[PDB]
Structure formats: structure tokens, C-alpha cells
Amino acid sequence: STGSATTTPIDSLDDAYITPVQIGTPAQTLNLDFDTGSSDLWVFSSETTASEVXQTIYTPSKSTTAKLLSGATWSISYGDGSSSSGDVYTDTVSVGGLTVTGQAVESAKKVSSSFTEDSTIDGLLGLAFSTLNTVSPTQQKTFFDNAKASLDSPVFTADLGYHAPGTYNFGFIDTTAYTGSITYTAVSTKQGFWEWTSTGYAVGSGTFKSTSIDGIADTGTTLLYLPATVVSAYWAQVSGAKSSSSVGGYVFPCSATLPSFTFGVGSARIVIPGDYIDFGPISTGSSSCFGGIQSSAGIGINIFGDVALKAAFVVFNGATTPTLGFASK
């Protein structure tokens, strides 16, 4: 079996992407944030504190196939400080025509203010490794893990668009979606992430520097977070760029033409166009724009976020020994 679903940016800045997911019988359609940086499928629901709901909610009592997972609870917090918690049901879950039965659907009893305030996201669908799942006492498998048995191939691909819709595919590789060939690189699962090692970088038309950059492929993070000295080398090429403490990062004049940024994947090279690194104005009407490449120093890990991933076709190969594939597009 296979599945294919359209993913669309939640705003004009590509802050995040949402994908329709059908849950329960008859299907309830919710717009979820596909996150390869976490491993919980959790949704706004009829159980969520009313003052914390502004979103489409799941109602387990209206699904004939929902079953309560007795005594199971969950609690998650994310990099940004946002958090949620609740209890657990299993139910049928479909994505782009691919159906999984017995998928754990985490029902939020409470959500933090960030989730409340974002009307476009009804929940998150975790696609990292199941070791990161927060359900207790027994951790639950991700959608991808449950689907592997029936998939034509144990893969999923991410094709994110720049200010445009894209696609998540399950179980097959669309060879018309990319150019040239896919280069694969080893994944370490020791921390639960799709963690890999980039072979180096280049700024604009300059030299490629061979330097190991350990990072994670994370669809659930907006920007590209790299080591301080690598980010410094980028912004040194932009005459108006400076580090602003009040905005929290590198800002530059919106009118600048930004250089591209190249990262290595084995002996291959993925080039992020400069326009993609222009995240946008700090404020509507502002003449200053926020940079899409920022320092990872304060986060503790390098993150190849949406800024990087949307310049490529990305293959998440979930075979017993997982790898990550990248192709230009």
C-alpha cells in the first residue's frame, strides 16, 4: 500500500506546514503538523480545556472504532517551550489514502498558550523514532512504524514547497519529483532523531569547506540552525546584516540579494537559493528582514529545518538500518 497527501504552509512565511489526516470512523479530518523531530500523534479534542481551545477537535465518542488505552497518559514539551498532555485512544488513522488501524491517538486534556493561539494546527503527527514517544507506561508506535508492514517500501518522502504546497508520500519514491539522483547518508538513532552528518558547506560562489556538521532533519522546525562560526561566515557576505539581540538573531535589509547556501551530503551538494534564506520582514512594512540561517549555539544541536528541507527532495528510509536520501529538485 501507499499514501500521498498535500502539505500546505500555514502562513505566507512558511512558518510550518499542515497535512490533512482522517481519524476515526466515520472519518474526522484534522490538519496536523508533520514533525520528523518528535514521535507523538496528539490532537486537540473534546477533552481539551475549553478556554484553551480556539482549531478542529477530535471527538472519540463519535468514532465507532475508538478504544480507550486504559491507564495510559502522555506529556510532551518542545524546543520552543510549548507543551501538552492528556490520555490515549487507539483509532483508525488515514493519511492520503493509507490506512493504519490501532494507531495511538493522543488526546490533549491541556495545551500551552502557543498551541491555543495558532488556529491553523489541530495537532502534531510525529515521525521521529518511537523511542521518543511520551506515552507511559508503554510507549506507542508512530504512524510510520505501524504502517511499515503494509507499505510497498518502508519509506516516506518530504517534498516541501517554498511559499507553495508540497507533498508527503508514503511507501514509494516519485521519480518525477526530483532531478538527478538521490544520495543516501547514514542515520544515527542514538538520540531518537533522524540524525546525520553533513560533509561541509559553501557560501554563495565561494569554496566548499569540508567540516562535519552533525544535525537532525526536522520538518517541525522552521529555520536552519548551524554552528556559530558557520552562520557568521554566511552573514559576513551580506553587507547590511547584523546580529540583533532584541529580535533574537541575524537581521538584514529586505532589499538585499542574499547569497545561496550549499550543504554537503556525502559527495553531493544541496544548494539553498538565497531567496529561501529571506524569512521575511520583522514586521509588516519593516525595511528589515529576519534571516533564515541562525546559530544553533543556544539550542544544543544543529537542525536542518524547513529552510533547508524545502530546497530538496528528502527520503526518510525506515528500513532496519535507516538512511536519509537527498536529491535536488
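With the contact rule set at Cα under 8 Å and sequence spacing of 6 or more, what percent relative contact order holds for the chain?
Answer for the chain is 19 percent.
Take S1 and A256, extend 7 Å from each Cα along the Cα→Cβ direction, and tell me the distance between the two endpoints in nm.
Label at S1, label at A256, 4.9 nm between them.
Within 10 Å of each residue's Cβ, count the other Cβ atoms and sort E106, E47 from fewest upward.
In increasing order of surrounding Cβ atoms, one gets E47, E106.
Tabulate in residue order the Karplus-calculated ³J(HN,Hα) for segment 183-190, using 6.51 cos²θ - 1.76 cosθ + 1.60 with θ = phi - 60°, rounded to whole Hz; enter x for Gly and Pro.
9, 9, 9, 4, 10, 9, 9, 4
Cβ under 13 Å from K110's Cβ, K110 left aside: what net charge do those residues give with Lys, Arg +1 and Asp, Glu -1?
-3
Extending each Cα 7 Å along its Cβ direction at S114 and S82, get the distance between those two points in nm, one decimal.
0.6 nm
Given H placed 1.01 Å from N in the peptide plane, which residues other than close sequence neighbours of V265 have an amide H under 5 Å from its amide H?
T199, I270
Suppose only helical runs count, i.e. DSSP H with n ≥ 4. What mean residue ellipticity at 222 nm does that imply for the chain under -39500 (n - 2.57) per run, divided by all residues and rounded to the nearest 500 deg cm²/dmol?
Counting only the DSSP helices, I get -1500 deg cm²/dmol.
How much length would be gained if the chain were fully extended between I10 and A177, taking 0.36 nm per residue of separation minus their Cα-Cα distance, in nm to one decimal?
57.9 nm
Read phi for every residue in segment 19-33 and hand back ³J(HN,Hα) as whole Hz from Karplus 6.51 cos²θ - 1.76 cosθ + 1.60, θ = phi - 60°, with x for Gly and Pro.
These are the phi-based 3J(HN,Hα) values: 10, x, 10, 9, 10, x, 9, x, 4, 9, 9, 10, 9, 10, 7 Hz.
So what's the projected area for segment 140-239, the Cα convex hull averaged over all directions, in nm²?
9.2 nm²
Provide the net charge surrounding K329, with neighbours chosen by a C-beta distance below 11 Å and charges set as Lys +1, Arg +1, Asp -1, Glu -1.
Numbers: positive: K310; negative: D159, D174.
Result for the neighbourhood of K329: -1.
What base-10 log of the normalised intensity I(q)/I(0) is obtained for segment 212-301 from the Debye formula, alpha carbons as equal point scatterers, at q = 0.11, 0.14, 0.25 Å⁻¹?
-0.30, -0.50, -1.49
Rounded to two decimals, what is Rg over Rh for segment 174-328 when you use alpha-carbon atoms and the Kirkwood radius?
Working: Rg = 15.6 Å, Rh = 16.1 Å.
Rg divided by Rh gives 0.97.
Where does segment 5-173 land on the Kirkwood hydrodynamic radius, alpha-carbon pairs, in angstrom?
16.0 Å
With each pseudo-label sitting 7 Å past Cα toward Cβ, what's the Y184-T320 distance in nm, one decimal?
Once both label points are built, they end up 1.4 nm from each other.
How many angstrom lie between the Cα centre of segment 48-105 and the Cα centre of segment 155-232?
Measuring centre to centre over Cα atoms gives 29 Å.
I'd like the Karplus ³J(HN,Hα) series for segment 113-124: coefficients 6.51, -1.76, 1.60, θ = phi - 60°, whole numbers in Hz, and an x wherever there's a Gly or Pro.
Taking θ as phi minus 60°, the curve returns 4, 3, 5, 3, 6, 9, 5, 8, 10, 9, x, 10 Hz for segment 113-124.
With the contact rule set at Cα under 8 Å and sequence spacing of 6 or more, what percent relative contact order holds for segment 174-328? Intermediate values should be presented prior to the final figure.
Working: 330 pairs, mean separation 48.9, N = 155.
Worked out over segment 174-328, it gives 32 percent.
How high is the FRET efficiency between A297 and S46 when r is their beta carbon distance and R₀ equals 51 Å, given to the nearest 0.05?
Between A297 and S46 the formula returns 0.75.
Where the convex hull is taken over the Cα atoms of the chain, what is its projected area averaged over directions, in nm²?
If I average the Cα hull's projected area over directions, I get 16.5 nm².
If amide hydrogens are placed 1.01 Å from N in the peptide plane, which non-local residues have theirs closer than 5 Å to the one on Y17?
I10
So basically every Cβ, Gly included, is an ideal-geometry build from the backbone, and we count neighbours across all protein chains shown. Where a number appears in this text, it was derived from the coordinates with a stated rule and is not lab data.
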